[PDB]
Amino acid sequence: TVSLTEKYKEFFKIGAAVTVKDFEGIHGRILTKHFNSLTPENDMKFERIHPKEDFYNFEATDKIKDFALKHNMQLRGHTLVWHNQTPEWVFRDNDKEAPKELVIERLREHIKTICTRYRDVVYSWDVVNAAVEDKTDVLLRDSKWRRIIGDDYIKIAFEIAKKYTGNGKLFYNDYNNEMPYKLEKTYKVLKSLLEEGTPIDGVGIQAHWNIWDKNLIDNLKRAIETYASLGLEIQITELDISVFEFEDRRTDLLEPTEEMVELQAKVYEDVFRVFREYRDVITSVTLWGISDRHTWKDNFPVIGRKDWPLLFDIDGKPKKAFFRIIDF
Ligand SMILES: O[C@@H]1[C@@H](O)[C@H](O[C@@H]2CO[C@@H](O[C@@H]3CO[C@@H](O)[C@H](O)[C@H]3O)[C@H](O)[C@H]2O)OC[C@H]1O
């Protein structure tokens, strides 16, 4: 039995990425059993919730909020400002590109609207997502947000959100931010935000991981400690552990191999022991899905294959990895 949220009740919240259909059937039972935190996988993203300037779509996010309230769960607000899944209208002023202040004013109104509607159920917001340049050694990714608003756009987004979020915690969220090159760069960016009076409460470590990273444990321990030194909360926001190396695009596997299944268990053990070790600084751990039945990893980075990245298998049964992380 041993629901995960209960077992971890004194350590951190235990979360899952969700859509409306996940409240039904076997997924719905896993959630209410094991999880006390929910993140809308897509429905709170700008393109989905606010597809045209004069049109918001609240149906899905309202349903997610309601389900959470009815089951004593809370939400992570994902995400306000991101270079992906953001509609082009935001950056257009008719036939011209939109200037800095117009984009800021649209952002103001978007954040006001979304944060006002969900502030009562959201405990943490991903205010800015994946703003740190992941490839080159320039600090900031060069998105339309970053280009048009300018160098201060992260502070600007955080100051706006702080108006409407109450006691919700404000997070900067990103991937690969446990890796040495990106850790150093992210640390720099966050340290400077804080010295500028940015109301940032913590860092999201997305944790889109895989079984073959022999550097992960050392990388994770470092990162957690490095971010903690800035006085930031830590949340593991989108945990999954792929059986493939990122650039292994093989499409042949119908199932995980024995070495893969067992290596995954060890890595889940290793990461969750690290999560448990840093219980004082980690406030939430969310997995990017419930079971291997629905995972974005089936279409990223390769359209139309299968991955087995989560704690519950395609049938909905707890994997040996599950029982490892609850043996404590
Ligand atoms: O065709 C579109 C799909 O590609 C899209 O898939 C979603 C893409 O976002 C995924 O979540 C992100 C993973 O990366 C992190 O850095 C971000 O923080 C996450 O938001 C999500 O899991 C996929 O479903 O869905 C919409 C389609 O139109």
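Residues numbered from 1 in each chain as written, not as in the entry; some residues may be left out. Heavy atoms only, no water.

For this entry, the PDB record names X-ray crystallography as the structure determination method and reports a resolution of 1.90 Å.

Draft legend 1. Inspection of the overall build of the protein at higher detail. In terms of helices and strands, the protein carries 11 helices and 11 strands. In terms of overall dimensions, the protein has a C-alpha envelope of 55 × 40 × 40 Å along the principal axes. Counting over 328 residues, the protein shows a buried share of 56%. Intrachain contacts of the protein at a sequence separation of at least 6 include 77% that bridge at least 24 residues. Approximately 14900 Å² of the protein is accessible, and the part contributed by carbon and sulfur atoms is 47%. Charge centroids of the protein, computed over 51 positive and 58 negative side chains, lie 2 Å from each other. (Helix = DSSP H or I, 4+ residues; strand = E, 2+ residues; numbered from the N terminus. Buried < 20%, exposed > 50% of the residue type's maximum accessible area, 1.4 Å probe, protein only. Contact = heavy atoms within 4.5 Å. Areas by Shrake-Rupley, 256 points an atom, 1.4 Å probe, with all protein chains shown as cover. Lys, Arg positive; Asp, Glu negative; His and termini not counted. Charge placed at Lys NZ, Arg CZ, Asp CG, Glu CD.)

Draft legend 2. Broad picture of the site of the ligand. The environment of the ligand is made up of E41, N42, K45, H78, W82, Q85, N129, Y175, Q206, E238, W288 and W296. Contact between the ligand and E41: an oxygen atom at 2.7 Å from a side-chain N or O atom of the residue. Here an oxygen atom of the ligand sits 2.7 Å away from a polar atom, N or O, in the side chain of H78. Contact with the protein chains hides 63% of the accessible area of the ligand, taken as 590 Å² for the molecule alone. A breakdown of the residues in the shell around the ligand according to their chemical character gives 4 nonpolar, 5 polar and 3 charged. (Near = heavy atom within 4 Å. Polar contact = N/O pair within 3.5 Å; in protein donor to acceptor, adjacent residues only side chain to side chain. Nonpolar A, V, L, I, M, F, W, Y, C, P; charged D, E, K, R; others polar.)

Draft legend 3. Main features of the pairing of strand β6 (residues 122–129). Counting buried residues in β6 gives 8 out of 8 residues, a clear majority hidden from the surface. One ladder, built from 6 bridges, connects strand β3 (residues 74–82) with β6; its direction is parallel. Paired with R76 across the two strands is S124, which belongs to β6. (Pairing = 2+ DSSP bridges.)

Draft legend 4. Spatial organisation of unusual backbone geometry. For the peptide bond that leads from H78 to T79, omega is 0°, which places it in the cis range. Between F300 and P301 the backbone carries a cis peptide bond, its omega angle lying at 5°. As for its placement among the helices and strands, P301 is situated in the loop between β11 (282–287) and α11 (320–325). A positive phi angle, close to 55°, is found at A130, a residue other than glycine.

Draft legend 5. Representation of the packing of helix α9 (residues 216–228) against helix α10 (residues 258–277). One can describe the packing of α9 onto α10 by two numbers: an axis separation of 10 Å at closest approach and a directional angle of 20°. As far as their axial angle goes, α10 and α9 are roughly parallel. Viewed along their axes, α9 and α10 form a crossing whose handedness is right-handed. Across the interface between the two elements, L216, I217, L220, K221 and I224 of α9 pack against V267, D270, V271, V274, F275 and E277 of α10. (Axes fitted to C-alpha atoms, helices over the stretch in contact; angles between N-to-C directions. Parallel < 35°, antiparallel > 145°, perpendicular 65-115°, else oblique. Left-handed = near helix turned anticlockwise from the far one by under 90°.)

Draft legend 6. How the structure looks around helix α7 (residues 153–162). When you tally the buried positions in α7, you get 8 out of 10 residues, the bulk of the element. Among the residues of α7, those classed as buried are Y153, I154, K155, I156, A157, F158, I160 and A161. The secondary structure elements touched by the buried residues of α7 are β3, α5 (100–118), β6, α6 (144–149), β7 (169–174) and α8 (180–195).

Draft legend 7. Representation of the pairing of strand β2 (residues 37–40) in the model. Neither face of β2 is open: one carries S37 and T39, the other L38 and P40, and all of them are buried. Of the strand pairs in this sheet, strand β1 (residues 13–18) and β2 are connected by 4 bridges, and their pairing is parallel. Looking at the pairing, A16 lines up with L38 of β2. This β-α-β element, β1 to helix α2 (residues 25–34) to β2, shows right-handed connectivity. Direction of pairing for β2 relative to β3: parallel, over a ladder of 2 bridges. (Right-handed = clockwise from strand over helix to strand, strands pointing away.)

Draft legend 8. The arrangement of the side chain of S291 in detail. With respect to the helices and strands, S291 occurs in the loop between β11 and α11. If we skip the residues at most four places from it in the chain, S291 touches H27, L310, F312 and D313.

Draft legend 9. Here's a closer look at the environment of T237. Inspection of the secondary structure puts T237 in strand β10 (residues 233–242). When the C-alpha positions of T237 and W209 are compared, they lie 12 Å apart, and in sequence the two are 28 residues distant. Look past the residues within four positions of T237 in its chain and what remains in contact with it is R76, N173, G204, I205, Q206, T286 and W288. Within polar-contact distance, the side chain of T237 engages the side chain of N173 at 2.7 Å.

Draft legend 10. Region of interest: the packing of aromatic side chains. For the structure on display, the rule yields 19 aromatic pairs. Taking the centre distance of 4.9 Å and the plane angle of 70° together, the rings of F272 and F275 count as edge-to-face. One end of the pair is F272 and the other is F275, both in helix α10 and 3 residues apart, which spans about a single turn. On the basis of relative accessible area, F275 is assigned to the buried category, the value being 0%. Members of the aromatic cluster, connected to one another through ring pairs, are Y8, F11, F12, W209, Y268, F272, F275 and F328. The ring centre of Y123 lies 5.1 Å from the NZ or CZ of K13, which sits over that ring. (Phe/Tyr/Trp six-rings, centres within 6.5 Å; stacked < 30°, edge-to-face > 60°. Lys NZ or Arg CZ within 6 Å of the ring centre and 35° of its normal.)

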